[PDB]
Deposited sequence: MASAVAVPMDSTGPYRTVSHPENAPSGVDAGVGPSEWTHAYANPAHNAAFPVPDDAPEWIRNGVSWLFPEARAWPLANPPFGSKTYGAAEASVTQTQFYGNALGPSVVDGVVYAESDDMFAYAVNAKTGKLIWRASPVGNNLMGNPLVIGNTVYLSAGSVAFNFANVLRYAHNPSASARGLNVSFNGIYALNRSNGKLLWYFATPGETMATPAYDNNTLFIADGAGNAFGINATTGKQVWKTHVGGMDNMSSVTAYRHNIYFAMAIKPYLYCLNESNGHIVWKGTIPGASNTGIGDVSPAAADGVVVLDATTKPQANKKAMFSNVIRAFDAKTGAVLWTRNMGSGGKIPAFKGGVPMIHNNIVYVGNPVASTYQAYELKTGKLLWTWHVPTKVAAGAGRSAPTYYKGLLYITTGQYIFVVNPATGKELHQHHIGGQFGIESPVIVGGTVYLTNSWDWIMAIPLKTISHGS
């Protein structure tokens, strides 16, 4: 497919096939990545088989600079002129990674607001390919289905529709092996949200109020439902053949049928939302938004409110929820806390106050019985039964919306300072 490009220039697709994993190394981690944070529960935790190679289990340590890499010990670029907080947010949104990586078949995939997508060997950290089919920010995490990697393009800014005529938006489909551009589907508004893959279909909502089903093979539109409002960061969740996503300015959480895009139901959070990606498990969809910070649970099929809780009293307004064993683990960015709630009943099990040294935006990861949380410059280990901090490890840079991706004994991460990295799980504990 032809896009504006100098094929010999700095945006060209580069591929290093000798860095691609082979054999057992190409079977490490999941074989697909269908969601922001890998699945509807937003839990990026991946145990490995007994026969897994030793490197993934023992852990590997590497650091890969993306195109705009800034040293992790440095403060935010632009602090003097912008202020440190605003500088950090800007650097996240225009320079580095807003979400974490996707780890599939021995390869780490990431996309960056530096406008490149990357595929890097999960063992060695060496570049397998990089591509920049569109001159816009890539604010999600790559979807990886079979032999295709799916990116979505959009800007945080406005030229009401966000991203409309601010560069070019929509879904870009690349060849998973070499990064070559298979097809694109342009959208009127920005898609910073990550799409969802289900049943050979991609689902996305844009900042122009549009929801799309798109055939994941041909790239052609299946259906278009104009709900209104704008999806900013709320990544689509596909659960039991329906999709769920939130829109701002017209503040609704939507449930739509995958086959035709029919609106099954809508729900609200009092005190208007398009930032937070909903999570779904065991017939419940969970969403929270900053109003303080209010979390609400809905029946997946009907949208009936199961419970609502005020979490206590911020550029990204909400925490991304994660669900594990019928327990919601979610951050409150206003109080810099994390809380655990029973999924069905709304019963608060515990609260953890992040050490005083942007906290509470990211979904925890529940791996082998412990919680792992990347916020600020740190990765923390918290006991999920007590809510008490066990370990902490200083990394640097900033994690805005990033969640730890944990495979075997290895943690994979991106960073707002535009880095991809692998850290051993035992280094952290």
Comparing the deposited sequence against the modelled residues, what ranges come up empty for C-alpha?
1 to 4, 164 to 176, 290 to 293, 313 to 322, 345 to 348, 393 to 395, 468 to 470
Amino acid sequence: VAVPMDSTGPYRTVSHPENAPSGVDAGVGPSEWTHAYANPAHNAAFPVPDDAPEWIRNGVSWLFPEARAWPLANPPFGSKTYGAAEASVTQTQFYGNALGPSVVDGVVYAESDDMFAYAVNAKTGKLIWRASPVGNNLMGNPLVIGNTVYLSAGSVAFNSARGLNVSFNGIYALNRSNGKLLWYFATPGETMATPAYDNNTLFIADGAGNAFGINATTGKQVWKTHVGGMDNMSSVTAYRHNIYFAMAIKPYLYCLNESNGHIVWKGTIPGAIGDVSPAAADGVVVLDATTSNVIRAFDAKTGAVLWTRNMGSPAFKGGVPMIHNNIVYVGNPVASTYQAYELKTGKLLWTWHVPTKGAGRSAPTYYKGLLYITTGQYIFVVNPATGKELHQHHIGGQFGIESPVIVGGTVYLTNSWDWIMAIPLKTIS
From here on, numbers count along this sequence of modelled residues.
Using the B-factors recorded in the PDB entry, average over the C-alpha atoms of 361 to 369 and of 22 to 30, then report which stretch comes out higher.
22 to 30
Per the PDB entry, mean CA B-factor is higher for 330 to 338 or 148 to 156, namely for 330 to 338
Among the candidates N97, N310, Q221, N200, give the one with the maximum CA B-factor reported in the record.
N310
Which one of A315, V236, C255, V320 shows the biggest C-alpha B-factor in the PDB entry?
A315
Hey, what third does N39 fall into on Cα B-factor, ranked over its chain?
lowest
Split the chain's modelled residues into thirds by Cα B-factor; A385 lands in the highest
CA B-factor ranking of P49, expressed as a third of its chain
middle
State the tercile, meaning the lowest, middle or highest third, of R130 with respect to the CA B-factors recorded for its chain.
lowest
Would you check the entry's CA temperature factor for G59 and let me know if it's in the chain's lowest, middle or highest third?
middle
